[PDB]
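Asks: Handing you a structure now.
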Amino acid sequence: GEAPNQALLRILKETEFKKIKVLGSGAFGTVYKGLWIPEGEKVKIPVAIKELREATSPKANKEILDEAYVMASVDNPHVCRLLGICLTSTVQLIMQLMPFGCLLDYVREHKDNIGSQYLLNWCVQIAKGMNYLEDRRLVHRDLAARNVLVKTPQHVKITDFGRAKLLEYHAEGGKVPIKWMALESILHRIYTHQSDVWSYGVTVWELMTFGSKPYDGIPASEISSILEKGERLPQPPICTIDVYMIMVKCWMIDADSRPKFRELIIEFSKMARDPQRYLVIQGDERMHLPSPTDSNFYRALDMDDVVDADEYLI
Ligand SMILES: Cn1nccc1S(=O)(=O)Nc1ccn2ncc(C(=O)NC(C)(C)C)c2n1
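According to mature numbering (1 follows the signal peptide of the UniProt record, and there is no 0), the residues represented by the sequence shown are 672 to 838, 844 to 977, 982 to 994, in order.
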């Protein structure tokens with residue numbers, strides 16, 4: 672009927688990994704930067720250790736274990752990998768460290784060095800990961816530039832599967853990101869891969885504007901009515917009509933009319949072959965971002985036996 676999920680859930684010993692510092696904290700919990708040193712493997716894997724705040728309750732453990740399930744069931748270069756879980760009183764998710772943080776902060780902090788090549792390459796990469804989730808019958812339900820994290824300035828991955836559901845999905849109440857949601861999702865609680873396309877459209881808009889807040893100043897309760905009238909996000913200044921047309925197509929009333937992720941990969945790839953024809957940025961091509969071919973690129977985070989999780993297969 673539905674294929675058995677043969678994913679392996681790795682249980683990791685608390686003694687095998689070490690917390691270095693807090694990267695962030697909030698509603699999600701507390702995310703720590705760490706190092707995982709397996710068995711007698713002679714390797715040190717940079718990791719992100721996630722735990723829900725501090726307070727241990729059966730409800731909090733269920734949500735984090737559901738997230739572990741979804742994450743252990745995915746394997747794509749553009750989707751964050753779950754290395755394992757630690758069965759402490761609290762319960763920790765051990766995922767691959769994305770050293771440069773989220774894309775939203777990245778574009779905000781580095782706008783003066785982000786060229787059109789990087790921007791269109793990010794769009795291709797996000798569509799590839801999103802298309803993988805689609806193949807795996809998975810609806811993200813929370814795609815935004817805050818949930819697209821940076822491994823290297825040239826390699827981004829989809830993260831935060833707290834809302835992700837394995838297959844239209846029928847949800848309930850709570851806290852919803854309205855300004856990233858499709859109309860059917862706001863009015864009828866309907867989530868499809870095509871509602872993820874709407875979220876992709878807003879994510880692209882976030883990148884193209886260099887981290888602008890969508891519908892800034894407008895209260896979330898007004899959004900539903902604004903979209904119903906025909907109002908959308910403006911054309912970012914760096915955007916040509918070619919790129920904005922793509923964004924607009926992601927924001928159509930008819931879900932079947934919106935592009936498919938496999939088409940978005942194609943469209944953005946064509947554009948990424950000639951970035952200056954699709955994005956007009958002052959100073960483009962003279963811009964510089966760190967790459968693994970830079971001095972102290974890896975030293976900027982002991983070493984010697986440090987291996988990235990993408991190169992640590994088991
Ligand atoms: C909650 N959230 N938001 C974006 C990502 C996440 S996450 O589910 O904690 N996933 C992951 C995975 C790897 N890495 N590496 C670094 C981070 C990180 O800086 N996270 C915060 C602090 C939440 C922005 C990370 N976060």
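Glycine is no exception: its CB is placed at the ideal position from the N, C-alpha and C atoms.
Over what stretch of residues does the beta strand (DSSP E) that includes residue 688 continue unbroken?
Replies: As a working mapping, residue 688 is identified with position 17 in the sequence shown. Segment 688–697, the beta strand (DSSP E) holding residue 688.
Asks: Less than 7 Å between the CB of residue 809 and some heavy atom of ligand 1, yes or no?
Replies: Residue 809 sits at position 138 when you count from the first residue of the sequence shown. False, no ligand heavy atom lies under 7 Å from that Cβ.
Asks: Counting only runs that start and end within the stretch 744–807, where is the beta strand (DSSP E) found for 3 or more residues in a row?
Replies: 753–757 and 763–767
Asks: Excluding the five sequence neighbours on either side, which residues of its own chain have a C-beta within less than 7 Å of the C-beta of residue 925, listed in chain order?
Replies: For this step, residue 925 is matched to residue 249 along the sequence shown. Only 934 and 935 meet the Cβ criterion.
Asks: So, with DSSP's three-state summary, where would you put residue 845?
Replies: Working through the sequence shown from its first residue, we reach residue 845 at position 169. Here residue 845 sits in strand by DSSP.
Asks: Run the proximity test for residue 721: is its beta-carbon closer than 7 Å to any non-hydrogen atom belonging to ligand 3?
Replies: Ligand 3 is not part of this structure, which contains only ligand 1.
Asks: Starting from residue 716, follow the beta strand (DSSP E) in both directions and report where the run begins and ends.
Replies: The residue labelled residue 716 in the question sits at position 45 within the sequence shown. Segment 716–722, the beta strand (DSSP E) holding residue 716.
Asks: Considering residue 703, what are the terminal residues of the beta strand (DSSP E) in which it resides?
Replies: Stepping through the sequence shown from its first residue, residue 703 is reached at position 32. Where residue 703 is concerned, the enclosing beta strand (DSSP E) stretches over 700–707.
Asks: Pick out whichever of 696, 726, 865 and 940 has its Cα sitting closest to the Cα of residue 720.
Replies: Residue mapping note: residue 720 aligns to position 49 of the sequence shown, counting from 1. That would be 696, whose Cα lies nearest to the Cα of residue 720.
Asks: Tell me the DSSP secondary structure of residue 902 in three-state form.
Replies: Taking the first residue of the sequence shown as position 1, residue 902 is located at position 226. In the structure shown, residue 902 sits in a helix (DSSP, three-state: H, G or I).
Asks: Out of 865, 963, 890 and 685, state which residue places its alpha-carbon closest to the alpha-carbon of residue 850.
Replies: Along the sequence shown, one-based indexing puts residue 850 at 174. Checking every option, the nearest Cα to that of residue 850 belongs to 865.
Asks: Quick one: any contact between the stretch 758–767 and the stretch 713–728, if contact means 3 or more CB pairs under 8 Å?
Replies: Verdict: yes, contact present.
Asks: Just to confirm my understanding: we take residue 974, look at its own chain, exclude 5 residues before and 5 after, and list those with CB closer than 8 Å. What are they?
Replies: Residue 974 sits at position 298 when you count from the first residue of the sequence shown. Hits under 8 Å: 968 and 986.
Asks: Less than 7 Å between the CB of residue 919 and some heavy atom of ligand 1, yes or no?
Replies: Numbered from 1 along the sequence shown, position 243 holds the residue referred to as residue 919. Flag unset: Cβ of residue 919 not near ligand 1.
Asks: Taking residue 829 as part of the alpha helix (DSSP H), name the residues at either end of that continuous run.
Replies: Start at 1 with the first residue of the sequence shown, and residue 829 comes out as number 158. No alpha helix (DSSP H) contains residue 829, which is instead part of the beta strand (DSSP E) from 826–829.
Asks: Measuring only the C-alpha atoms, how far is residue 772 from residue 906?
Replies: As a working mapping, residue 772 is identified with position 101 in the sequence shown. As a working mapping, residue 906 is identified with position 230 in the sequence shown. Going from the Cα of residue 772 to the Cα of residue 906 covers about 34 Å.
Asks: Between residue 746 and residue 832, what straight-line distance do the alpha-carbon atoms span, to the nearest angstrom?
Replies: In the sequence shown, residue 746 corresponds to position 75, counting from 1. In the sequence shown, residue 832 corresponds to position 161, counting from 1. Straight-line Cα distance between these residues: approximately 14 Å.
Asks: Quick one: is residue 872 buried, meaning 16 or more other Cβ sit within 10 Å of its Cβ, or exposed?
Replies: On the sequence shown, residue 872 is found 196 positions in, with the first residue counted as 1. Under this definition residue 872 is a buried residue.
Asks: Answer with buried or exposed for residue 717, where buried requires no fewer than 16 other C-beta atoms within 10 angstroms of its C-beta.
Replies: If you number the sequence shown from 1, residue 717 lands on position 46. Flag for residue 717 reads buried.
Asks: Can you tell me the Cα-Cα spacing of residue 704 and residue 869, whole angstroms?
Replies: Taking the sequence shown and counting its residues from 1, the one referred to as residue 704 is at position 33. Taking the sequence shown and counting its residues from 1, the one referred to as residue 869 is at position 193. Going from the Cα of residue 704 to the Cα of residue 869 covers about 32 Å.
Asks: At a threshold of 7 Å, does residue 887 count as lining ligand 1 (C-beta to nearest heavy atom)?
Replies: Here residue 887 refers to the residue found at position 211 when the sequence shown is read from its first residue. Checking every heavy atom of ligand 1 against the Cβ of residue 887, none is found closer than 7 Å.
Asks: Using only alpha-carbon positions, find the residue among 861, 679, 738 and 810 that is nearest to residue 838.
Replies: Along the sequence shown, one-based indexing puts residue 838 at 167. If we check each option's Cα against that of residue 838, 810 comes out closest.
Asks: Which residue's Cα is closest to the Cα of residue 830: 774, 867, 965 and 824?
Replies: Residue mapping note: residue 830 aligns to position 159 of the sequence shown, counting from 1. Residue 774 is the option with its Cα nearest to residue 830.
Asks: Would you say the beta carbon of residue 796 is closer than 7 Å to some non-hydrogen atom of ligand 1?
Replies: Against the sequence shown, residue 796 aligns to sequence position 125. Residue 796 Cβ: outside cutoff for every heavy atom of ligand 1.
Asks: How big is the Cα-Cα spacing for residue 915 and residue 755?
Replies: The residue you call residue 915 lines up with position 239 of the sequence shown. The residue you call residue 755 lines up with position 84 of the sequence shown. Near 41 Å, if we compare the C-alpha coordinates of residue 755 and residue 915.
Asks: Please tell me whether, using a cut-off of 7 Å, the distance from the CB of residue 695 to the nearest non-hydrogen atom of ligand 1 is below it.
Replies: Residue 695 sits at position 24 when you count from the first residue of the sequence shown. It does: the Cβ of residue 695 is within 7 Å (strictly closer) of some heavy atom of ligand 1.
Asks: Take residue 722 as the anchor and find which of 743, 994, 699 and 711 has the nearest alpha-carbon.
Replies: Mapped onto the sequence shown, residue 722 falls at position 51. Out of 743, 994, 699 and 711, 699 has the C-alpha closest to the C-alpha of residue 722.
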